[PDB]
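In what follows, a structure is listed as structure tokens, so that the remarks can point back to it.
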Amino acid sequence: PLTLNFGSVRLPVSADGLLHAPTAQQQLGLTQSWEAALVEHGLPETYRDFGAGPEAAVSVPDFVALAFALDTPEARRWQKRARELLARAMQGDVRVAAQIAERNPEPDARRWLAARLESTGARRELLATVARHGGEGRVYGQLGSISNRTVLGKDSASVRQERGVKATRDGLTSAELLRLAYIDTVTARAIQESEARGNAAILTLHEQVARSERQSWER
Amino acid sequence: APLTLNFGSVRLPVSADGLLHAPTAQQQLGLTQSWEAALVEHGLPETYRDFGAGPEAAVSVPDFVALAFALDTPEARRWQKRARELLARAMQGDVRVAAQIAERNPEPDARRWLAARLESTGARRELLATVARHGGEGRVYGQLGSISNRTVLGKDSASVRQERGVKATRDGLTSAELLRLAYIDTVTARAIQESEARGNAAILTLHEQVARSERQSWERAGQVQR
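From first to last, the protein sequence lines are chains Y and S. Sequential numbering from 329 applies to the first sequence in our numbering. Sequential numbering from 938 applies to the second sequence in our numbering.
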């Protein structure tokens, strides 16, 4: 219950995410004494309990920066993988997203994603509907802000920076994402049935739906 | 749409199939060299794509990445460092970049495939855990299930199960129905926690009340009375 998994690679870690340094040294082809490596590559000297007493430990970002500090046959494989991950993440290769979600044994990481994908689907459906009914320009952003200030309790811009967040939807709990996804879905349905057309009309309707969902606080 | 790939305030205009606008890449990779000369040095095809601004010189995603590691410009170095950071994040199991990858892929089945791989939201589990932390009842499972089911689906648990060929209700449902069900459970858990409902009557009352509120809301959105 302490391992990162990459194909046939096994990297034991501490409870705080530090790699078992001898295993990592095996993976990067590092035959140097760990001390020599610490000096040459600028790493801290620390140990962690991997179930076998204290052992030399190195963090994941230390391991990565080291894989690129090294030119070993093995470290080069890891360099290649970093390059490839950039490309695949850029294209939207969700098989990489699945491997990431599957790699974190934490049930809350996986449920965070499930709620996040409901938010994504509701927002895509809402935007498709708004665009097909004449919304343009800042309409879309406004709807986002409306949906946000309803669930968060403060306006979208202020909350985003108060939490140190670039995109609101990235930093939410599963419940907040579901409330947003629900509001966005209900407004998509409301637009489609009432055939609300125009920036102002759509925004007014979204205000009514989001405000109604806020009123649920009473319960 | 001015389709763009997004990393912080990093904006990369793309074609409908995801190829990059080469002049933008030149900004991001620090290339003041003419694009043609770059094509020569790096072994790239003469490619153009429709970016909503007529045909413009284009470079593929893996080509751009290959350039970031070919170049040593200050800007290219930032892209190299991002690659390293992503290796670290993916290794750790950082699911929020997994979400960002999913959103960069505009195709809706990318989203539904990931949802299929993933566990449910857990809203039903959170509601049942919450009820377990309060009085509740020994057998609330059928009750909470049916209460929400008749709210969102429109028919009793047995009826929904019969009409669509289902053993576990969720087997035959659409995303809207699943979201409405999960939503009811989420807000019900919240109602219990906010009122500190401890008796079974308070808990079941709050669950039915939020279910009724959300039904009435859907009905107004659907403009239906029945």
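Using N, Cα and C, we set each Cβ at its ideal position, and we do this for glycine too.
Buried versus exposed, by CB contacts within 10 Å (16 or more), residue i
{"i": "S/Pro1011", "result": "exposed"}
{"i": "S/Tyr1120", "result": "buried"}
{"i": "S/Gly991", "result": "exposed"}
{"i": "Y/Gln355", "result": "buried"}
{"i": "Y/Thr532", "result": "exposed"}
{"i": "S/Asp987", "result": "exposed"}
{"i": "Y/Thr501", "result": "exposed"}
{"i": "S/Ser1154", "result": "buried"}
{"i": "S/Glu1040", "result": "buried"}
{"i": "S/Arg1021", "result": "buried"}
{"i": "Y/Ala403", "result": "buried"}
{"i": "Y/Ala349", "result": "buried"}
{"i": "Y/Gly449", "result": "buried"}
{"i": "S/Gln1017", "result": "buried"}
{"i": "S/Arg1163", "result": "exposed"}
Residue i at chain Y interface by Cβ criterion, 9 Å
{"i": "S/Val998", "result": "yes"}
{"i": "S/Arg1026", "result": "yes"}
{"i": "S/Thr984", "result": "no"}
{"i": "S/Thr941", "result": "no"}
{"i": "S/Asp1108", "result": "no"}
{"i": "S/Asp987", "result": "no"}
{"i": "S/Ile1038", "result": "yes"}
{"i": "S/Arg948", "result": "no"}
{"i": "S/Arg1048", "result": "yes"}
{"i": "S/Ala995", "result": "no"}
{"i": "S/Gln1162", "result": "no"}
{"i": "S/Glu1012", "result": "no"}
{"i": "S/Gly945", "result": "yes"}
{"i": "S/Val1147", "result": "yes"}
{"i": "S/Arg1135", "result": "no"}
{"i": "S/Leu976", "result": "no"}
{"i": "residue 1164 of chain S", "result": "Residue 1164 of chain S lies beyond the range of chain S shown here (938 to 1163); nothing can be said about it."}
{"i": "S/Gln1080", "result": "no"}
Residue nearest to residue i in terms of C-alpha spacing, selected from the options
{"i": "S/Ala975", "options": "S/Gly989, S/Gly991, S/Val996 and S/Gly1059", "result": "S/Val996"}
{"i": "Y/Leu505", "options": "Y/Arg404, Y/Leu330 and Y/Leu441", "result": "Y/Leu441"}
{"i": "S/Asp954", "options": "S/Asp1122, S/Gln1037, S/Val1089 and S/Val998", "result": "S/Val998"}
{"i": "Y/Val467", "options": "Y/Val367, Y/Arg525, Y/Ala410 and Y/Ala429", "result": "Y/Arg525"}
{"i": "Y/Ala518", "options": "Y/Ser540, Y/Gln470 and Y/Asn476", "result": "Y/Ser540"}
{"i": "Y/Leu471", "options": "Y/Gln360, Y/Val458, Y/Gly462 and Y/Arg409", "result": "Y/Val458"}
{"i": "S/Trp972", "options": "S/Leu1004, S/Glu1133 and S/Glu1063", "result": "S/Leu1004"}
{"i": "Y/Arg452", "options": "Y/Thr351, Y/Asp512, Y/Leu371 and Y/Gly370", "result": "Y/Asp512"}
{"i": "Y/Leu508", "options": "Y/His461, Y/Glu446 and Y/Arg460", "result": "Y/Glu446"}
{"i": "S/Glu978", "options": "S/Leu1008, S/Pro960, S/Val1002 and S/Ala962", "result": "S/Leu1008"}
{"i": "S/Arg1054", "options": "Y/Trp406, Y/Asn432 and Y/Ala426", "result": "Y/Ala426"}
{"i": "S/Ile1140", "options": "S/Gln963, S/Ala1105 and S/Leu1065", "result": "S/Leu1065"}
{"i": "S/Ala1126", "options": "S/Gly1159, S/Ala1158 and S/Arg1070", "result": "S/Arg1070"}
{"i": "Y/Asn432", "options": "S/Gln970, S/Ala1047 and S/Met1028", "result": "S/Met1028"}
{"i": "Y/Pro329", "options": "Y/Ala352, Y/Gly379 and Y/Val493", "result": "Y/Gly379"}
{"i": "S/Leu1090", "options": "S/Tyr985, S/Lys1018, S/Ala1158 and S/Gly1109", "result": "S/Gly1109"}
Minimum Cβ-Cβ distance from residue i to chain S less than 9 Å
{"i": "Y/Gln489", "result": "no"}
{"i": "Y/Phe391", "result": "yes"}
{"i": "Y/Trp362", "result": "no"}
{"i": "Y/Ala485", "result": "no"}
{"i": "Y/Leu413", "result": "yes"}
{"i": "Y/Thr515", "result": "yes"}
{"i": "Y/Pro435", "result": "yes"}
{"i": "Y/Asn432", "result": "yes"}
{"i": "Y/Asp399", "result": "no"}
{"i": "residue 326 of chain Y", "result": "This structure cannot settle anything about residue 326 of chain Y, because the visible part of chain Y is limited to 329 through 547."}
{"i": "Y/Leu506", "result": "yes"}
{"i": "Y/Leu480", "result": "no"}
Rounded straight-line distance, which links the Cα of residue j to that of residue i
{"i": "Y/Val424", "j": "Y/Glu546", "result": "42 Å"}
{"i": "S/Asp1031", "j": "Y/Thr331", "result": "15 Å"}
{"i": "Y/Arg497", "j": "Y/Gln520", "result": "24 Å"}
{"i": "Y/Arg439", "j": "S/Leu968", "result": "42 Å"}
{"i": "Y/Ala538", "j": "Y/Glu434", "result": "32 Å"}
{"i": "S/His1144", "j": "S/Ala1095", "result": "20 Å"}
{"i": "Y/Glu373", "j": "S/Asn1086", "result": "57 Å"}
{"i": "Y/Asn527", "j": "Y/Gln536", "result": "15 Å"}
{"i": "Y/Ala415", "j": "S/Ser946", "result": "18 Å"}
{"i": "S/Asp1000", "j": "S/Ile1038", "result": "18 Å"}
{"i": "Y/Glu383", "j": "Y/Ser342", "result": "10 Å"}
{"i": "Y/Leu346", "j": "Y/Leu339", "result": "9 Å"}
{"i": "Y/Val487", "j": "Y/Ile474", "result": "13 Å"}
{"i": "S/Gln963", "j": "S/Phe1006", "result": "14 Å"}
{"i": "S/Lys1104", "j": "S/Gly1073", "result": "26 Å"}
{"i": "S/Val1161", "j": "S/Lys1092", "result": "16 Å"}
{"i": "Y/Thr478", "j": "S/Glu1133", "result": "23 Å"}
{"i": "Y/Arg491", "j": "Y/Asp436", "result": "20 Å"}
{"i": "Y/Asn333", "j": "S/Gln1099", "result": "43 Å"}
>> Please give me, in chain order, every unbroken run of the beta strand (DSSP E) with length at least 3 that falls completely inside the stretch 954-1019 of chain S.
In response: As far as the stretch 954-1019 of chain S is concerned, its whole beta strand (DSSP E) runs of at least 3 residues are 985-987 and 992-996.
> Where in the stretch 423-492 of chain Y do unbroken runs of the alpha helix (DSSP H), each at least 4 residues long, occur, reported from the N-terminal end onward?
Replying inline: 435-460, 467-480 and 484-490
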